[PDB]
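**Q** Below is input-v4.tsv; it holds TSV, C-alpha atoms and all ligand atoms.
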chain	number	residue	atom	x	y	z
A	14	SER	CA	90.57	50.55	89.49
A	15	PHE	CA	87.17	51.53	88.13
A	16	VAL	CA	87.91	55.25	88.48
A	17	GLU	CA	89.72	55.09	85.11
A	18	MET	CA	86.39	54.22	83.49
A	19	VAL	CA	84.25	56.90	85.10
A	20	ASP	CA	82.98	59.41	82.51
A	21	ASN	CA	84.25	57.33	79.58
A	22	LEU	CA	80.99	57.83	77.66
A	23	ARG	CA	79.85	60.75	75.52
A	24	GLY	CA	76.91	61.44	73.27
A	25	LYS	CA	74.34	63.77	71.79
A	26	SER	CA	70.68	63.76	72.82
A	27	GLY	CA	68.75	61.16	70.85
A	28	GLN	CA	71.96	59.89	69.27
A	29	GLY	CA	73.17	57.29	71.74
A	30	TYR	CA	76.15	56.98	74.04
A	31	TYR	CA	79.56	55.98	72.70
A	32	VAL	CA	82.88	54.84	74.13
A	33	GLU	CA	86.33	55.20	72.56
A	34	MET	CA	87.97	52.02	71.27
A	35	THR	CA	90.97	51.09	69.15
A	36	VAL	CA	91.12	48.30	66.58
A	37	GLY	CA	94.07	46.83	64.72
A	38	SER	CA	97.85	47.24	64.78
A	39	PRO	CA	98.85	49.95	64.87
A	40	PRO	CA	95.73	51.02	66.84
A	41	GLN	CA	93.01	52.81	64.90
A	42	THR	CA	90.79	54.99	67.08
A	43	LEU	CA	87.00	54.94	66.71
A	44	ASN	CA	83.97	56.02	68.73
A	45	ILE	CA	81.59	53.09	69.26
A	46	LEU	CA	77.91	53.17	70.22
A	47	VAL	CA	77.21	51.20	73.41
A	48	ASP	CA	74.26	48.92	72.63
A	49	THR	CA	72.80	46.40	75.09
A	50	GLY	CA	70.09	45.68	72.50
A	51	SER	CA	72.30	43.74	70.05
A	52	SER	CA	75.27	41.39	70.00
A	53	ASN	CA	77.42	42.29	67.00
A	54	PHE	CA	80.55	44.42	67.11
A	55	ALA	CA	80.60	46.31	63.81
A	56	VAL	CA	82.47	49.33	62.46
A	57	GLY	CA	82.37	51.51	59.38
A	58	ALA	CA	85.07	50.13	57.09
A	59	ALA	CA	84.38	52.14	53.94
A	60	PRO	CA	83.69	55.81	53.10
A	61	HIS	CA	80.28	57.21	54.01
A	62	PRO	CA	78.81	60.74	53.95
A	63	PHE	CA	78.28	60.63	57.73
A	64	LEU	CA	81.63	59.04	58.59
A	65	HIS	CA	84.68	61.21	59.28
A	66	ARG	CA	86.83	58.14	59.85
A	67	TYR	CA	86.62	54.37	59.47
A	68	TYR	CA	88.37	51.05	59.98
A	69	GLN	CA	91.06	50.35	57.37
A	70	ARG	CA	91.77	46.62	57.44
A	71	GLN	CA	94.61	46.98	54.94
A	72	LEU	CA	96.56	49.07	57.46
A	73	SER	CA	96.32	46.52	60.27
A	74	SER	CA	98.91	43.75	60.48
A	75	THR	CA	96.82	41.78	62.98
A	76	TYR	CA	93.65	41.76	60.88
A	77	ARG	CA	92.35	38.35	59.82
A	78	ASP	CA	89.65	37.87	57.19
A	79	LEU	CA	87.04	35.26	58.11
A	80	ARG	CA	85.81	35.12	54.52
A	81	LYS	CA	82.15	35.32	55.55
A	82	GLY	CA	79.52	37.96	54.89
A	83	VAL	CA	77.12	39.32	57.48
A	84	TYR	CA	74.19	41.68	57.78
A	85	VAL	CA	72.14	43.01	60.67
A	86	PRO	CA	68.61	44.42	60.38
A	87	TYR	CA	67.73	46.60	63.38
A	88	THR	CA	64.28	48.10	63.99
A	89	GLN	CA	65.43	51.17	62.12
A	90	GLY	CA	68.73	50.86	60.29
A	91	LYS	CA	70.71	48.00	58.82
A	92	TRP	CA	74.17	47.31	57.45
A	93	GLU	CA	76.06	44.54	55.73
A	94	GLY	CA	79.76	43.76	55.63
A	95	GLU	CA	82.54	41.22	55.97
A	96	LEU	CA	83.51	39.27	59.05
A	97	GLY	CA	87.03	39.15	60.43
A	98	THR	CA	89.00	39.35	63.66
A	99	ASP	CA	91.50	41.85	65.02
A	100	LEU	CA	92.98	43.21	68.24
A	101	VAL	CA	90.77	45.60	70.18
A	102	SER	CA	91.31	47.84	73.19
A	103	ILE	CA	89.32	50.32	75.26
A	104	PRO	CA	91.63	53.21	76.26
A	105	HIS	CA	89.39	54.32	79.13
A	106	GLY	CA	88.48	50.76	80.04
A	107	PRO	CA	90.33	47.78	81.51
A	108	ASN	CA	94.01	47.56	80.61
A	109	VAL	CA	93.74	44.61	78.24
A	110	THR	CA	93.73	43.69	74.56
A	111	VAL	CA	91.54	40.99	73.05
A	112	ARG	CA	91.10	39.39	69.65
A	113	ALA	CA	87.44	39.91	68.85
A	114	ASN	CA	85.07	39.34	65.97
A	115	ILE	CA	84.53	42.50	63.94
A	116	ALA	CA	82.03	43.11	61.17
A	117	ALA	CA	83.55	45.52	58.66
A	118	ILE	CA	80.62	47.57	57.39
A	119	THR	CA	80.77	48.05	53.62
A	120	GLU	CA	77.19	49.15	52.95
A	121	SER	CA	74.46	50.53	55.19
A	122	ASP	CA	71.00	52.08	55.13
A	123	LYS	CA	69.88	54.49	57.87
A	124	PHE	CA	72.46	53.06	60.27
A	125	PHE	CA	74.97	55.90	60.64
A	126	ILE	CA	73.61	59.16	62.03
A	127	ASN	CA	74.71	62.52	60.64
A	128	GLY	CA	76.75	64.27	63.31
A	129	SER	CA	76.50	61.51	65.93
A	130	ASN	CA	80.29	61.27	66.24
A	131	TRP	CA	80.31	57.47	66.42
A	132	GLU	CA	81.53	55.15	63.67
A	133	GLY	CA	80.59	51.71	64.95
A	134	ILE	CA	78.43	49.74	67.36
A	135	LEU	CA	79.23	47.49	70.31
A	136	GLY	CA	76.48	44.95	70.85
A	137	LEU	CA	76.71	43.86	74.47
A	138	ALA	CA	73.92	41.28	74.53
A	139	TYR	CA	74.23	37.50	74.16
A	140	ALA	CA	75.34	35.25	71.30
A	141	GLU	CA	71.79	33.95	70.81
A	142	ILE	CA	70.92	37.08	68.81
A	143	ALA	CA	74.25	37.57	67.04
A	144	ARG	CA	74.27	37.47	63.23
A	145	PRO	CA	74.78	35.48	61.16
A	146	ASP	CA	74.20	33.04	64.03
A	147	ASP	CA	75.04	32.31	67.66
A	148	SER	CA	78.45	30.86	66.78
A	149	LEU	CA	79.84	34.36	66.23
A	150	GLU	CA	81.20	35.14	69.70
A	151	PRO	CA	80.17	38.62	70.92
A	152	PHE	CA	82.83	41.08	72.10
A	153	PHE	CA	82.11	40.86	75.83
A	154	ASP	CA	82.22	37.06	75.76
A	155	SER	CA	85.65	37.27	74.10
A	156	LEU	CA	86.77	39.82	76.68
A	157	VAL	CA	85.73	37.61	79.59
A	158	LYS	CA	87.16	34.47	78.00
A	159	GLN	CA	90.56	35.95	77.13
A	160	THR	CA	91.17	38.11	80.23
A	161	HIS	CA	90.50	38.15	83.97
A	162	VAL	CA	87.77	40.78	83.57
A	163	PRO	CA	84.77	39.69	85.67
A	164	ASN	CA	81.60	38.83	83.74
A	165	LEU	CA	79.59	41.98	84.33
A	166	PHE	CA	79.42	45.63	83.36
A	167	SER	CA	77.43	48.62	84.49
A	168	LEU	CA	76.09	51.69	82.73
A	169	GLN	CA	75.49	55.16	84.10
A	170	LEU	CA	73.84	57.15	81.32
A	171	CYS	CA	73.47	60.82	82.16
A	172	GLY	CA	71.19	63.47	80.73
A	185	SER	CA	75.85	67.20	75.09
A	186	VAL	CA	75.59	64.14	77.37
A	187	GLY	CA	78.05	61.88	79.17
A	188	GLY	CA	78.15	58.75	81.27
A	189	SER	CA	80.18	55.78	82.46
A	190	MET	CA	80.54	52.21	81.31
A	191	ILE	CA	82.25	50.31	84.10
A	192	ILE	CA	83.64	47.13	82.58
A	193	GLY	CA	84.08	44.28	85.01
A	194	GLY	CA	82.40	45.75	88.06
A	195	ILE	CA	80.32	48.22	90.04
A	196	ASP	CA	81.64	51.64	91.00
A	197	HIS	CA	79.93	52.54	94.25
A	198	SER	CA	80.60	56.24	93.84
A	199	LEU	CA	78.21	56.35	90.85
A	200	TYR	CA	74.92	55.68	92.69
A	201	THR	CA	73.08	56.35	95.94
A	202	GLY	CA	70.82	54.09	97.98
A	203	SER	CA	70.48	50.36	97.39
A	204	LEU	CA	70.79	48.30	94.23
A	205	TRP	CA	67.65	46.31	93.37
A	206	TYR	CA	67.95	43.27	91.11
A	207	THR	CA	65.57	41.69	88.61
A	208	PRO	CA	66.28	38.32	86.95
A	209	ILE	CA	67.45	38.09	83.37
A	210	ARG	CA	64.64	35.85	82.12
A	211	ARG	CA	66.60	34.41	79.19
A	212	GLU	CA	70.08	35.14	77.89
A	213	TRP	CA	69.49	36.57	74.44
A	214	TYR	CA	68.37	40.15	74.74
A	215	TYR	CA	68.65	41.41	78.30
A	216	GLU	CA	65.08	40.25	78.89
A	217	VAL	CA	63.23	41.14	82.07
A	218	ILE	CA	59.69	40.85	83.39
A	219	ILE	CA	57.54	43.86	84.26
A	220	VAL	CA	54.89	42.91	86.82
A	221	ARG	CA	52.95	46.14	87.40
A	222	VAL	CA	52.63	49.65	85.97
A	223	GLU	CA	51.41	52.81	87.71
A	224	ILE	CA	51.01	56.38	86.54
A	225	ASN	CA	50.88	59.03	89.26
A	226	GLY	CA	50.17	56.20	91.68
A	227	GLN	CA	47.25	54.79	89.68
A	228	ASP	CA	47.50	51.13	88.58
A	229	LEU	CA	46.98	50.66	84.83
A	230	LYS	CA	45.08	47.49	85.75
A	231	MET	CA	46.05	45.38	82.71
A	232	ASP	CA	46.87	41.68	82.52
A	233	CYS	CA	50.58	41.91	83.35
A	234	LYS	CA	51.31	39.70	80.33
A	235	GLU	CA	50.40	42.74	78.21
A	236	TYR	CA	53.42	44.55	79.70
A	237	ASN	CA	55.76	41.88	78.35
A	238	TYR	CA	54.09	41.06	75.03
A	239	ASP	CA	56.00	39.65	73.41
A	240	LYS	CA	59.03	40.51	75.56
A	241	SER	CA	60.56	43.29	77.66
A	242	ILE	CA	64.21	44.25	77.19
A	243	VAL	CA	66.79	46.75	78.46
A	244	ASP	CA	68.26	48.42	75.38
A	245	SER	CA	70.77	51.31	75.61
A	246	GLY	CA	70.75	51.57	71.81
A	247	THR	CA	67.13	52.69	71.76
A	248	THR	CA	66.27	56.27	72.75
A	249	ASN	CA	62.64	55.95	73.82
A	250	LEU	CA	60.60	53.99	76.25
A	251	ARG	CA	58.70	51.78	73.78
A	252	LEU	CA	55.50	50.01	74.81
A	253	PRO	CA	53.27	47.36	73.22
A	254	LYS	CA	50.25	48.83	71.43
A	255	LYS	CA	47.65	48.16	74.14
A	256	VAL	CA	49.93	49.41	76.92
A	257	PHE	CA	50.98	52.46	74.89
A	258	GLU	CA	47.35	53.46	74.35
A	259	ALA	CA	46.45	53.09	78.03
A	260	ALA	CA	49.54	55.07	79.05
A	261	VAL	CA	49.03	57.94	76.61
A	262	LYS	CA	45.37	58.15	77.61
A	263	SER	CA	46.38	58.46	81.25
A	264	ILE	CA	49.15	60.95	80.51
A	265	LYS	CA	46.81	63.07	78.37
A	266	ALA	CA	44.22	63.17	81.14
A	267	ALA	CA	46.84	64.29	83.65
A	268	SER	CA	48.10	67.14	81.45
A	269	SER	CA	44.82	68.19	79.79
A	270	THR	CA	45.35	71.63	81.34
A	271	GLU	CA	47.45	72.31	78.23
A	272	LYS	CA	46.95	71.63	74.53
A	273	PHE	CA	49.19	69.53	72.29
A	274	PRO	CA	48.97	68.62	68.60
A	275	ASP	CA	48.41	64.87	68.31
A	276	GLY	CA	51.57	64.67	66.24
A	277	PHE	CA	53.27	65.36	69.57
A	278	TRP	CA	51.79	62.23	71.18
A	279	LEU	CA	53.06	60.27	68.18
A	280	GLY	CA	56.55	61.55	68.91
A	281	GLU	CA	56.69	63.59	65.71
A	282	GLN	CA	55.90	67.20	66.62
A	283	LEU	CA	57.92	68.85	69.37
A	284	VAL	CA	56.35	71.23	71.90
A	285	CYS	CA	57.94	74.37	73.33
A	286	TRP	CA	57.43	76.66	76.32
A	287	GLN	CA	59.06	79.95	77.29
A	288	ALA	CA	62.50	79.16	78.68
A	289	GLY	CA	62.12	78.05	82.29
A	290	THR	CA	58.33	77.85	82.21
A	291	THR	CA	57.99	74.19	81.22
A	292	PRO	CA	55.03	72.94	83.30
A	293	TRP	CA	56.70	69.78	84.64
A	294	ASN	CA	54.07	69.42	87.37
A	295	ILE	CA	51.24	68.60	84.94
A	296	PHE	CA	53.00	65.48	83.65
A	297	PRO	CA	52.71	62.25	85.73
A	298	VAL	CA	55.43	60.00	87.09
A	299	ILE	CA	55.53	56.47	85.66
A	300	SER	CA	56.37	53.51	87.89
A	301	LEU	CA	57.55	50.24	86.38
A	302	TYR	CA	57.59	47.31	88.80
A	303	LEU	CA	60.13	44.60	88.00
A	304	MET	CA	60.27	40.98	89.20
A	305	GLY	CA	62.63	40.69	92.18
A	306	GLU	CA	65.08	38.10	93.53
A	307	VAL	CA	62.88	36.38	96.12
A	308	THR	CA	59.45	34.72	96.00
A	309	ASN	CA	56.51	37.08	95.48
A	310	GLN	CA	58.87	40.09	95.73
A	311	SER	CA	59.31	42.95	93.27
A	312	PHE	CA	60.57	46.54	93.26
A	313	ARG	CA	59.73	49.69	91.26
A	314	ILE	CA	61.64	52.29	89.32
A	315	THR	CA	59.94	55.65	88.99
A	316	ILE	CA	60.44	57.79	85.89
A	317	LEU	CA	59.92	61.59	85.83
A	318	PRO	CA	58.63	63.64	82.86
A	319	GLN	CA	62.13	65.13	82.63
A	320	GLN	CA	63.06	61.68	81.32
A	321	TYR	CA	60.25	60.98	78.88
A	322	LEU	CA	60.12	64.52	77.54
A	323	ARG	CA	63.38	64.66	75.58
A	324	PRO	CA	64.98	68.11	75.04
A	325	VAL	CA	65.41	69.09	71.39
A	326	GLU	CA	66.96	72.13	69.69
A	327	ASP	CA	64.34	74.72	68.73
A	328	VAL	CA	63.35	74.63	65.06
A	329	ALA	CA	62.96	78.40	65.40
A	330	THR	CA	65.52	81.10	66.21
A	331	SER	CA	63.80	81.37	69.60
A	332	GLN	CA	65.41	80.41	72.91
A	333	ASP	CA	62.39	78.43	74.11
A	334	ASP	CA	62.59	75.04	75.78
A	335	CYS	CA	61.28	72.45	73.33
A	336	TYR	CA	60.64	68.74	73.86
A	337	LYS	CA	59.62	65.56	72.08
A	338	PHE	CA	57.43	62.87	73.65
A	339	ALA	CA	59.92	60.02	74.13
A	340	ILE	CA	57.40	57.25	74.69
A	341	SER	CA	56.33	55.41	71.55
A	342	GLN	CA	54.39	52.38	70.38
A	343	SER	CA	56.07	49.04	69.75
A	344	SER	CA	55.06	45.85	67.95
A	345	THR	CA	57.98	43.86	69.38
A	346	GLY	CA	57.49	44.23	73.12
A	347	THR	CA	58.54	46.76	75.75
A	348	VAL	CA	61.88	48.47	75.23
A	349	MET	CA	63.45	50.23	78.20
A	350	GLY	CA	65.66	52.56	76.20
A	351	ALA	CA	68.09	55.30	77.11
A	352	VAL	CA	65.53	57.69	78.58
A	353	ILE	CA	64.55	55.04	81.13
A	354	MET	CA	68.17	54.17	81.90
A	355	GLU	CA	69.18	57.83	82.30
A	356	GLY	CA	69.47	58.84	85.95
A	357	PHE	CA	69.73	55.20	87.01
A	358	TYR	CA	72.84	53.14	87.52
A	359	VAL	CA	72.18	49.86	85.71
A	360	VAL	CA	74.24	46.79	86.49
A	361	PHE	CA	74.35	44.03	83.89
A	362	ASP	CA	75.38	41.19	86.18
A	363	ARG	CA	75.80	38.44	83.60
A	364	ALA	CA	77.60	36.22	86.11
A	365	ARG	CA	74.49	36.02	88.28
A	366	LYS	CA	71.94	36.39	85.48
A	367	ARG	CA	70.41	39.55	86.89
A	368	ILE	CA	70.14	43.28	86.23
A	369	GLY	CA	70.44	45.82	89.05
A	370	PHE	CA	68.95	49.31	89.29
A	371	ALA	CA	69.92	52.15	91.62
A	372	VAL	CA	69.36	55.91	91.66
A	373	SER	CA	72.23	57.42	89.68
A	374	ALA	CA	74.64	60.04	91.00
A	375	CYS	CA	73.55	62.03	87.94
A	376	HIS	CA	69.88	61.58	88.80
A	377	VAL	CA	67.23	63.74	87.17
A	378	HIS	CA	66.09	66.81	89.11
A	379	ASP	CA	62.55	67.97	89.85
A	380	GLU	CA	61.34	70.56	92.36
A	381	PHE	CA	58.89	68.40	94.28
A	382	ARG	CA	59.54	64.92	92.86
A	383	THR	CA	62.43	62.53	92.39
A	384	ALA	CA	63.33	59.47	90.34
A	385	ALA	CA	63.53	56.47	92.64
A	386	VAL	CA	64.22	52.76	92.95
A	387	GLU	CA	62.07	51.42	95.77
A	388	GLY	CA	61.31	48.10	97.42
A	389	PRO	CA	60.49	45.54	98.56
A	390	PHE	CA	56.96	45.12	97.21
A	391	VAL	CA	54.86	41.99	97.42
A	392	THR	CA	53.45	40.77	94.11
A	393	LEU	CA	51.73	37.41	93.72
A	394	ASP	CA	51.96	35.16	90.65
A	395	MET	CA	54.79	37.10	88.98
A	396	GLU	CA	55.60	34.10	86.79
A	397	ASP	CA	52.27	34.61	85.04
A	398	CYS	CA	53.49	37.99	83.77
A	399	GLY	CA	55.93	36.42	81.35
A	400	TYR	CA	54.64	35.91	77.83
A	401	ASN	CA	54.94	32.51	76.15
B	501	LIG	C1	67.22	56.43	65.54
B	501	LIG	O1	68.35	55.68	66.03
B	501	LIG	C2	69.04	56.32	67.11
B	501	LIG	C3	70.10	55.34	67.69
B	501	LIG	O2	71.04	54.88	66.70
B	501	LIG	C4	70.98	53.56	66.25
B	501	LIG	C5	70.93	52.49	67.16
B	501	LIG	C6	70.86	51.16	66.69
B	501	LIG	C7	70.77	50.01	67.72
B	501	LIG	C8	69.33	49.38	67.75
B	501	LIG	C9	68.21	50.47	67.93
B	501	LIG	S1	66.60	49.80	67.52
B	501	LIG	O3	66.74	49.20	66.15
B	501	LIG	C10	66.51	48.47	68.73
B	501	LIG	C11	67.75	47.53	68.66
B	501	LIG	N1	67.57	46.47	69.69
B	501	LIG	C12	66.49	45.43	69.59
B	501	LIG	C13	66.54	44.74	68.21
B	501	LIG	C14	65.49	44.93	67.28
B	501	LIG	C15	65.56	44.29	66.02
B	501	LIG	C16	66.66	43.47	65.70
B	501	LIG	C17	67.74	43.25	66.62
B	501	LIG	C18	68.98	42.35	66.28
B	501	LIG	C19	70.27	43.21	66.08
B	501	LIG	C20	69.23	41.36	67.46
B	501	LIG	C21	68.86	41.47	64.99
B	501	LIG	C22	67.64	43.92	67.88
B	501	LIG	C23	69.13	48.25	68.80
B	501	LIG	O4	70.13	47.23	68.68
B	501	LIG	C24	70.85	50.90	65.30
B	501	LIG	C25	70.90	51.98	64.38
B	501	LIG	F1	70.88	51.74	63.07
B	501	LIG	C26	70.97	53.32	64.85
B	501	LIG	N2	71.02	54.35	63.98
B	501	LIG	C27	70.90	55.97	68.86
B	501	LIG	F2	71.69	56.95	68.36
B	501	LIG	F3	71.69	55.03	69.43
B	501	LIG	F4	70.08	56.47	69.82
Here is the file; what I need is its structure written in the form of structure tokens.

**A**
Amino acid sequence: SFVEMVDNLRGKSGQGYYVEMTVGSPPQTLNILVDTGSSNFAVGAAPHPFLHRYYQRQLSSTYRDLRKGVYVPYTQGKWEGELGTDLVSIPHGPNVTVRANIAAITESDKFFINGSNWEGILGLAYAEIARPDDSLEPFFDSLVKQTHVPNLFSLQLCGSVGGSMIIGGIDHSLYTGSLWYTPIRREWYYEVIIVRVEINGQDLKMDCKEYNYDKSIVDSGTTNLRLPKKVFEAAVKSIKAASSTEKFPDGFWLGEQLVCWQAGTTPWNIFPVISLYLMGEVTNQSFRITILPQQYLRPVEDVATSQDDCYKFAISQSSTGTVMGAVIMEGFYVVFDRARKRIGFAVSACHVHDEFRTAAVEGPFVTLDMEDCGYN
């Protein structure tokens, strides 16, 4: 019955993907950002310049105050509010209702995005990183505990944008080829291990621990591919060399300045493909996902009145490990198989197009000593 969940996601470029939910009795409708990088379910519950609607606890007969405060500091953005529980449903999701923890957001700073069209966030990761602490049961744990929904979900994020969140299973009509699985290293973030990196077929040749320093996570709430300082520098250097045929302001490589070309003349060919190899399911085995420039050059509306094609560099430097954000996930079907502690990747039905190249998930590869790639 997964067909009812196909295309249940919407979004705007650089502004996340959201699903429709209802909270309270009678049901109040809200759009909720889908975030595999956090574990709190939180909604605007007070007026805000960027909110067109919000959760009104006073109007819900099933609302229960937990009489505890809470705050969450993200990389960028934070909010604080009051904890409580209430009934929650997903109209274009499984046909169930659950009582879940909800953080009612009363104050925030750089959390809500002007024009994003979402009013809350659904953290889909594990209790370990929930605030105030791991005793606050995350939404998906409540869903699985209270219903017969199987303990997994999958995300098809498509390149204003749409996608699918299949709750409780895998919809085989949403991908082509085979699914390749990498272990979830530890259940807090969706942490994985990258074992090799190549750019246009050239190995970066770093200690693979550098790729996962201090962790690597799959995070739908983050837009960019984010890379640890040393890896970022090596990657940009290689990407610059490959595209040196053209000139870019260095504010572009910092993800600040956008670059434009005459509509339809974007020189895709001069930008390399990036291959990330992930730890596999059997001994000394891995697989790779290959990312095209159409993924890491994010389309942005022209600052000028011109109808050029403009882009921002969507790879940026991190001090908290690798983050495989939305631009990596786009064009792949990603299965969060919590039941079997693994994450699967397959080429998405809405895969990214290139004239002479194609995003891919390929294996098996042999890779020795993969355990040594994890950072401790
Ligand atoms: C520019 O934003 C676009 C972004 O909007 C937001 C998205 C988030 C979710 C964040 C995005 S970034 O902060 C990484 C983080 N995941 C890893 C992480 C890093 C630090 C702390 C935590 C804990 C929550 C576990 C404590 C988790 C993730 O959840 C928070 C926000 F405010 C905004 N606006 C959009 F629109 F989704 F693309």

**Q** Which of these residues is nearest to residue 346 of chain A, using all atoms listed in the file: A:234, A:70, A:272, A:376?

**A**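 Looking at the shortest contact to residue 346 of chain A, the residue is A:234.
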
**Q** Which of these, A:120, A:387, A:147, A:33, has the shortest distance to residue 45 of chain A once you count only C-alpha atoms?

**A**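 With only C-alpha atoms as the atom set, the closest residue is A:33.
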
**Q** Calculated over all atoms listed in the file, which of the candidates A:65, A:337, A:221, A:123 has the smallest distance to ligand LIG 501 (chain B)?

**A** A:123

**Q** For ligand LIG 501 (chain B), return the neighbouring residues as an NGL selection string (distance at most 6 Å; only C-alpha atoms and all ligand atoms).

**A** :A and (27-29 or 48 or 50-51 or 85-91 or 123-126 or 142 or 246-248)

**Q** Show which residues sit within 12 Å of residue 350 of chain A, as a VMD selection string. Count only C-alpha atoms, and ignore same-chain residues fewer than 4 positions away.

**A** chain A and resid 27 to 30 47 to 50 170 215 241 to 252 320 to 321 339 to 341 354 to 355 357 359

**Q** Using only C-alpha atoms, which residues sit within 9 Å of residue 81 of chain A once same-chain residues fewer than 2 positions away are excluded, as a ChimeraX atom specification?

**A** /A:78-79,83,94-97

**Q** Starting from the incomplete input, reconstruct N, CA and C atoms of segment 251-272 of chain A and write that as a PDB file, in the frame of the given file.

**A**
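Okay, result_33.pdb is ready:
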ATOM      1  N   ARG A 251      59.637  52.286  74.791  1.00  0.00           N
ATOM      2  CA  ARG A 251      58.700  51.780  73.780  1.00  0.00           C
ATOM      3  C   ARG A 251      57.802  50.730  74.425  1.00  0.00           C
ATOM      4  N   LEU A 252      56.510  50.815  74.129  1.00  0.00           N
ATOM      5  CA  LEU A 252      55.500  50.010  74.810  1.00  0.00           C
ATOM      6  C   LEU A 252      54.599  49.317  73.801  1.00  0.00           C
ATOM      7  N   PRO A 253      54.189  48.077  74.103  1.00  0.00           N
ATOM      8  CA  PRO A 253      53.270  47.360  73.220  1.00  0.00           C
ATOM      9  C   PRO A 253      52.000  48.175  73.009  1.00  0.00           C
ATOM     10  N   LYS A 254      51.394  48.022  71.835  1.00  0.00           N
ATOM     11  CA  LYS A 254      50.250  48.830  71.430  1.00  0.00           C
ATOM     12  C   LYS A 254      49.210  49.075  72.522  1.00  0.00           C
ATOM     13  N   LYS A 255      48.705  48.013  73.138  1.00  0.00           N
ATOM     14  CA  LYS A 255      47.650  48.160  74.140  1.00  0.00           C
ATOM     15  C   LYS A 255      48.120  48.967  75.344  1.00  0.00           C
ATOM     16  N   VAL A 256      49.356  48.711  75.774  1.00  0.00           N
ATOM     17  CA  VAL A 256      49.930  49.410  76.920  1.00  0.00           C
ATOM     18  C   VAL A 256      50.214  50.874  76.562  1.00  0.00           C
ATOM     19  N   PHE A 257      50.722  51.102  75.355  1.00  0.00           N
ATOM     20  CA  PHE A 257      50.980  52.460  74.890  1.00  0.00           C
ATOM     21  C   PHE A 257      49.703  53.302  74.915  1.00  0.00           C
ATOM     22  N   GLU A 258      48.605  52.726  74.437  1.00  0.00           N
ATOM     23  CA  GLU A 258      47.350  53.460  74.350  1.00  0.00           C
ATOM     24  C   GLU A 258      46.823  53.812  75.735  1.00  0.00           C
ATOM     25  N   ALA A 259      46.857  52.845  76.647  1.00  0.00           N
ATOM     26  CA  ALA A 259      46.450  53.090  78.030  1.00  0.00           C
ATOM     27  C   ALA A 259      47.314  54.161  78.690  1.00  0.00           C
ATOM     28  N   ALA A 260      48.615  54.135  78.414  1.00  0.00           N
ATOM     29  CA  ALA A 260      49.540  55.070  79.050  1.00  0.00           C
ATOM     30  C   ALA A 260      49.354  56.488  78.525  1.00  0.00           C
ATOM     31  N   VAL A 261      49.240  56.626  77.208  1.00  0.00           N
ATOM     32  CA  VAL A 261      49.030  57.940  76.610  1.00  0.00           C
ATOM     33  C   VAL A 261      47.711  58.537  77.074  1.00  0.00           C
ATOM     34  N   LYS A 262      46.676  57.706  77.138  1.00  0.00           N
ATOM     35  CA  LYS A 262      45.370  58.150  77.610  1.00  0.00           C
ATOM     36  C   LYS A 262      45.486  58.724  79.010  1.00  0.00           C
ATOM     37  N   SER A 263      46.224  58.031  79.871  1.00  0.00           N
ATOM     38  CA  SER A 263      46.380  58.460  81.250  1.00  0.00           C
ATOM     39  C   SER A 263      47.237  59.721  81.338  1.00  0.00           C
ATOM     40  N   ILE A 264      48.261  59.800  80.498  1.00  0.00           N
ATOM     41  CA  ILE A 264      49.150  60.950  80.510  1.00  0.00           C
ATOM     42  C   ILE A 264      48.463  62.188  79.921  1.00  0.00           C
ATOM     43  N   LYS A 265      47.606  61.976  78.926  1.00  0.00           N
ATOM     44  CA  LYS A 265      46.810  63.070  78.370  1.00  0.00           C
ATOM     45  C   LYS A 265      45.880  63.643  79.424  1.00  0.00           C
ATOM     46  N   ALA A 266      45.180  62.758  80.128  1.00  0.00           N
ATOM     47  CA  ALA A 266      44.220  63.170  81.140  1.00  0.00           C
ATOM     48  C   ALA A 266      44.914  64.018  82.205  1.00  0.00           C
ATOM     49  N   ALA A 267      46.116  63.606  82.596  1.00  0.00           N
ATOM     50  CA  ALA A 267      46.840  64.290  83.650  1.00  0.00           C
ATOM     51  C   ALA A 267      47.298  65.683  83.224  1.00  0.00           C
ATOM     52  N   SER A 268      47.568  65.868  81.933  1.00  0.00           N
ATOM     53  CA  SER A 268      48.100  67.140  81.450  1.00  0.00           C
ATOM     54  C   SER A 268      47.119  67.929  80.577  1.00  0.00           C
ATOM     55  N   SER A 269      45.837  67.580  80.653  1.00  0.00           N
ATOM     56  CA  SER A 269      44.820  68.190  79.790  1.00  0.00           C
ATOM     57  C   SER A 269      44.695  69.693  80.012  1.00  0.00           C
ATOM     58  N   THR A 270      45.331  70.198  81.065  1.00  0.00           N
ATOM     59  CA  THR A 270      45.350  71.630  81.340  1.00  0.00           C
ATOM     60  C   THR A 270      46.015  72.402  80.197  1.00  0.00           C
ATOM     61  N   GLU A 271      46.814  71.703  79.397  1.00  0.00           N
ATOM     62  CA  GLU A 271      47.450  72.310  78.230  1.00  0.00           C
ATOM     63  C   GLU A 271      47.028  71.596  76.956  1.00  0.00           C
ATOM     64  N   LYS A 272      47.327  72.207  75.814  1.00  0.00           N
ATOM     65  CA  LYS A 272      46.950  71.630  74.530  1.00  0.00           C
ATOM     66  C   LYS A 272      48.166  71.228  73.712  1.00  0.00           C
TER      67      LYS A 272
END
